[PDB]
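Please read the structure below before turning to the comments.
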Amino acid sequence: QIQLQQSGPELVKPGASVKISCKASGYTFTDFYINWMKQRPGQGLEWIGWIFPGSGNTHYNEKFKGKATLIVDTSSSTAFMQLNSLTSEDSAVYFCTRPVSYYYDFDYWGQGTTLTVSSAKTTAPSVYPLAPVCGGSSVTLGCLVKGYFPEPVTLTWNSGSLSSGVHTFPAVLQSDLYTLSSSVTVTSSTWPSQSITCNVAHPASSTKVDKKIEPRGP
Amino acid sequence: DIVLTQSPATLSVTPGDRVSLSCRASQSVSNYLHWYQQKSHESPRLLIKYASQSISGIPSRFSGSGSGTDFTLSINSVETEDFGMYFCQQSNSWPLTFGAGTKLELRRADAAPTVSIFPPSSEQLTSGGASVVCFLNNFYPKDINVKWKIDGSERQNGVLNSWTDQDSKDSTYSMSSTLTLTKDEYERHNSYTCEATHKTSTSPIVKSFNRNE
Amino acid sequence: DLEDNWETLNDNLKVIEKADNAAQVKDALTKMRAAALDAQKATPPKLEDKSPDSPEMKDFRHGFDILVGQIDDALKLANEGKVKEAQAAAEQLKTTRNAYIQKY
């Protein structure tokens, strides 16, 4: 029954501010230190600061002392972190957490809040078929999904029936839009004698695209 | 600020094998050092607190040892569910600091990549853009170099790379390298070449095309 | 005497750790608070001939501002009879101590 429950994901413009909430339940909120952490995908965590919700006393990492401001509403048992002057360097997952103690069995973590700091607006993907060069035993085809926002997109081949020898590469941010690609490898006997199609869905722009891969040539 | 160094960055093991993850502090942290597992971007899972104190419910195969500067997290007999990221954290002094992490991954035989190059689609060219795509497929281990050359000259800018996670079926990695140009710039060169250098060979794996064939 | 104030802070952190009841915790924290405010007034050996407004002198004093605020948060808990909560709060005091004990 001890939980920390953070607010949902945030999309914010450069220069703007944001307030992430951390709702404590199943224990006395005012009696325990709350830490705030920052994590970029696959990277080490950074500590921001703590707040003692009983007093509103705070201590900050020197790195974040001008970026983050910790407060509590002791009535609602909610900790809040205010991020100011936001840039793309503030794009991260933020966690609130009761720290490890010699005196308690467990530590406790919020589920995390993903913050995207971008000027980008919702944008449909361009989808391109990647056929082999004009001129082997095996053939690798491709699907290029370019210039969409926000995440995610789903990609299948022949509506999921072609799942063997498929790689779908994680999306990368190029100049405030996302690019994703996929490869599929089949035997030369299979293509181009049979139709192969990539199926791209971008729910946030209400977009579906089917691109049949056609031989290049004159 | 105390620096925590985790060596090596990646640890390849087979299920059933012993493994040891190293965390070294740049100054004394006594036993104020904790170990976390993180599978994805979900909240970290405390395994060991105060260097060697196991957490209620953590399976017997996990143990930690060390005090001062040199710490070790040990897994007695690795499980499939143990593959993922491991972080150490010190609570000796402010600021609280973490290691950059060790990735525990499934071991397999070294494999050279399959390289495929793709000229810009006719559809994209019509819209005024030109992406050249290079796939480096089913290689191990993960570290790889992609070199782009345009008319035989190395191109640094305009290139963006993405690795897959370790394949569920064959335990290999694959990588996309995309070079994005204008149709203008694309048409001002003739030769496009993607070069894959991987530990499995001194000699690179070259794929090229001429824009005009 | 600055040295002996540090040792009083250090000694009472051991007492809080081993404490059975709220009284033992409360008595320790109160002594710690006094030792920390007296220490603030002192000048550590390396900074003896520095300015009282030197960035190092402010920081030295600032360390005790942090400690006192942490002793206060734990004193609130200990005054409510909350031994384990106070002991966990006193845990965060050690981190502050270790960061400032020999910095000067």
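Following the order of the structure tokens, chains are lettered A, B, ..., residues in each are numbered from 1, and ligands are numbered from 1.
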Set out as a Markdown table a contact list for chain B and chain C with a cut-off of 10 Å, giving each residue of chain B that qualifies its closest atom pair and distance in Å to one decimal, counting only C-alpha atoms, ordered by chain and rising residue number.
| residue | atom | partner | partner_atom | distance |
| --- | --- | --- | --- | --- |
| B:1 | CA | C:99 | CA | 9.4 |
| B:29 | CA | C:98 | CA | 9.2 |
| B:32 | CA | C:95 | CA | 9.3 |
| B:90 | CA | C:95 | CA | 9.8 |
| B:91 | CA | C:95 | CA | 6.4 |
| B:92 | CA | C:95 | CA | 5.3 |
| B:93 | CA | C:95 | CA | 4.4 |
| B:94 | CA | C:99 | CA | 6.1 |
| B:95 | CA | C:99 | CA | 8.6 |
| B:96 | CA | C:95 | CA | 9.0 |
Could you list, as an MDAnalysis selection string, every residue within 12 Å of region 48-62 of chain C, counting only C-alpha atoms and ignoring same-chain residues fewer than 6 positions away?
(chainID A and resid 59) or (chainID C and resid 2 36:42 68:69 96:97 99:104)
Only N, CA, C and O atoms, please: the residues just picked out, written as a tab-separated table (two decimals), in the first residue's frame.
chain	number	residue	atom	x	y	z
A	59	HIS	N	17.53	20.43	0.15
A	59	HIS	CA	18.98	20.48	-0.18
A	59	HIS	C	19.17	20.05	-1.64
A	59	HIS	O	18.54	19.05	-2.03
C	2	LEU	N	36.28	23.64	18.48
C	2	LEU	CA	35.65	23.27	17.18
C	2	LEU	C	35.76	21.75	16.96
C	2	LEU	O	34.76	21.15	16.53
C	36	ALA	N	26.47	22.15	16.92
C	36	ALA	CA	26.49	22.62	15.51
C	36	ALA	C	26.45	24.16	15.46
C	36	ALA	O	27.16	24.74	14.60
C	37	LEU	N	25.67	24.81	16.33
C	37	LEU	CA	25.54	26.29	16.35
C	37	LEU	C	26.81	26.91	16.94
C	37	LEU	O	27.20	27.98	16.46
C	38	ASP	N	27.44	26.24	17.92
C	38	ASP	CA	28.74	26.66	18.52
C	38	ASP	C	29.86	26.51	17.48
C	38	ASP	O	30.67	27.45	17.36
C	39	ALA	N	29.89	25.39	16.75
C	39	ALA	CA	30.87	25.09	15.68
C	39	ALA	C	30.82	26.19	14.62
C	39	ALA	O	31.90	26.69	14.24
C	40	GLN	N	29.61	26.57	14.17
C	40	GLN	CA	29.35	27.66	13.19
C	40	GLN	C	30.20	28.90	13.50
C	40	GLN	O	30.70	29.51	12.55
C	41	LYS	N	30.30	29.26	14.78
C	41	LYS	CA	30.95	30.50	15.28
C	41	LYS	C	32.47	30.41	15.12
C	41	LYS	O	33.11	31.47	15.19
C	42	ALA	N	33.03	29.20	14.98
C	42	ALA	CA	34.48	28.92	14.96
C	42	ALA	C	35.05	29.13	13.56
C	42	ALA	O	34.28	29.40	12.62
C	68	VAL	N	21.65	21.76	11.11
C	68	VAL	CA	20.65	22.27	12.10
C	68	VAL	C	19.23	22.00	11.56
C	68	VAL	O	18.39	21.51	12.35
C	69	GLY	N	18.99	22.31	10.28
C	69	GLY	CA	17.70	22.07	9.59
C	69	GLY	C	17.34	20.59	9.57
C	69	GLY	O	16.13	20.28	9.67
C	96	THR	N	25.56	14.68	5.43
C	96	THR	CA	25.95	16.10	5.58
C	96	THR	C	27.27	16.19	6.35
C	96	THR	O	28.19	16.86	5.87
C	97	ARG	N	27.36	15.53	7.51
C	97	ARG	CA	28.60	15.44	8.33
C	97	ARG	C	29.78	15.08	7.42
C	97	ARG	O	30.73	15.90	7.34
C	99	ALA	N	30.28	15.13	4.29
C	99	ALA	CA	30.54	16.11	3.21
C	99	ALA	C	31.29	17.34	3.74
C	99	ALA	O	31.89	18.04	2.89
C	100	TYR	N	31.28	17.61	5.06
C	100	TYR	CA	31.83	18.87	5.65
C	100	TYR	C	32.87	18.63	6.76
C	100	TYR	O	33.61	19.59	7.05
C	101	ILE	N	32.94	17.43	7.34
C	101	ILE	CA	33.81	17.10	8.52
C	101	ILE	C	35.27	17.55	8.28
C	101	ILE	O	35.83	18.21	9.18
C	102	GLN	N	35.87	17.20	7.14
C	102	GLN	CA	37.32	17.42	6.91
C	102	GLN	C	37.55	18.23	5.63
C	102	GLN	O	38.73	18.38	5.24
C	103	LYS	N	36.49	18.77	5.03
C	103	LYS	CA	36.55	19.67	3.84
C	103	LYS	C	37.46	20.87	4.17
C	103	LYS	O	38.03	21.45	3.24
C	104	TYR	N	37.55	21.21	5.46
C	104	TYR	CA	38.38	22.31	6.01
C	104	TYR	C	39.15	21.81	7.24
C	104	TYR	O	40.37	21.75	7.22
Do me a favour and pick out the residues of chain B within 8 Å of chain A, using only C-alpha atoms, as a compact mmCIF listing (two decimals) with C-alpha atoms, in the first residue's frame.
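Okay, result_2.txt is ready:
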# COMPACT_ATOMS: atom_id res chain seq x y z
CA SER B 40 14.29 -0.71 -19.30
CA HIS B 41 13.36 2.88 -18.31
CA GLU B 42 11.20 1.62 -15.39
CA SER B 43 12.11 2.60 -11.76
CA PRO B 44 15.40 1.03 -10.50
CA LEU B 46 17.34 -2.07 -5.05
CA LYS B 49 22.15 -1.87 0.42
CA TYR B 50 25.19 -0.83 2.53
CA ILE B 55 17.10 -6.80 0.44
CA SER B 56 14.02 -8.82 1.59
CA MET B 85 21.40 -2.58 -16.50
CA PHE B 87 23.90 0.82 -11.20
CA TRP B 94 26.31 15.19 -1.09
CA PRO B 95 25.77 15.21 -3.93
CA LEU B 96 24.37 11.62 -4.15
CA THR B 97 26.10 10.08 -7.25
CA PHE B 98 25.61 6.91 -9.38
CA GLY B 99 27.84 4.84 -11.67
CA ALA B 100 27.14 5.12 -15.46
CA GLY B 101 26.05 1.43 -15.37
CA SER B 116 23.10 -3.35 -47.50
CA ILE B 117 23.08 0.19 -49.05
CA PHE B 118 19.88 1.93 -50.37
CA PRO B 119 19.77 5.01 -52.64
CA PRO B 120 17.02 7.56 -51.86
CA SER B 121 13.54 6.29 -52.92
CA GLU B 123 9.09 8.96 -53.84
CA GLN B 124 11.45 10.93 -51.48
CA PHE B 135 21.90 -1.51 -42.68
CA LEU B 160 22.52 9.46 -37.61
CA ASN B 161 22.80 5.87 -36.25
CA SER B 162 20.42 3.55 -34.30
CA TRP B 163 21.26 0.07 -32.82
CA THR B 164 18.53 -2.52 -32.10
CA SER B 174 21.94 -4.69 -36.02
CA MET B 175 22.55 -0.98 -36.80
CA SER B 176 21.03 1.57 -39.25
CA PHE B 209 26.41 2.60 -55.77
CA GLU B 213 22.86 3.35 -62.76
Using only C-alpha atoms, what table do you get, as a Markdown table, when you list each residue of chain C with an atom no more than 9 Å from chain A, its nearest pair of atoms, and their distance in Å rounded to one decimal, rows by chain then rising number?
| residue | atom | partner | partner_atom | distance |
| --- | --- | --- | --- | --- |
| C:66 | CA | A:59 | CA | 7.7 |
| C:69 | CA | A:57 | CA | 6.8 |
| C:70 | CA | A:57 | CA | 8.0 |
| C:72 | CA | A:55 | CA | 8.7 |
| C:73 | CA | A:55 | CA | 6.7 |
| C:74 | CA | A:31 | CA | 8.8 |
| C:76 | CA | A:54 | CA | 8.4 |
| C:77 | CA | A:31 | CA | 6.8 |
| C:82 | CA | A:31 | CA | 8.9 |
| C:84 | CA | A:103 | CA | 6.3 |
| C:85 | CA | A:31 | CA | 6.4 |
| C:86 | CA | A:31 | CA | 8.3 |
| C:87 | CA | A:103 | CA | 7.2 |
| C:88 | CA | A:101 | CA | 6.1 |
| C:89 | CA | A:32 | CA | 7.3 |
| C:91 | CA | A:101 | CA | 7.4 |
| C:92 | CA | A:33 | CA | 8.5 |
| request: Report as a PyMOL selection string: the residues of region 104-190 of chain A with a DSSP assignment of strand (DSSP E), based on the backbone of this structure. | output: chain A and resi 108-109+113-117+126-130+138-148+154-157+166-168+172-174+177-187
From a backbone DSSP assignment, name each residue in region 12-210 of chain B labelled helix (DSSP H, G or I), as a count of residues only.
13
All residues 10 Å or closer to residue 212 (chain B), only C-alpha atoms, same chain fewer than 2 positions away omitted, as a VMD selection string = (chain A and resid 134) or (chain B and resid 187 189 to 191 209 to 210)
What lies within 7 Å of residue 76 (chain B) using only C-alpha atoms, ignoring chain neighbours under 5 positions off, as a CSV table (one decimal) with C-alpha atoms, in the first residue's frame?
chain,number,residue,atom,x,y,z
B,18,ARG,CA,29.1,-16.9,-12.2
B,19,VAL,CA,29.5,-13.1,-12.8
B,61,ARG,CA,22.1,-15.8,-6.3
B,62,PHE,CA,22.7,-12.0,-5.6
Fill in: Nearest to residue 142 (chain B), chosen from B:182, B:172, B:156, B:38, with only C-alpha atoms counted in the distances
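Looking only at the distances to residue 142 (chain B), the closest residue turns out to be B:172.
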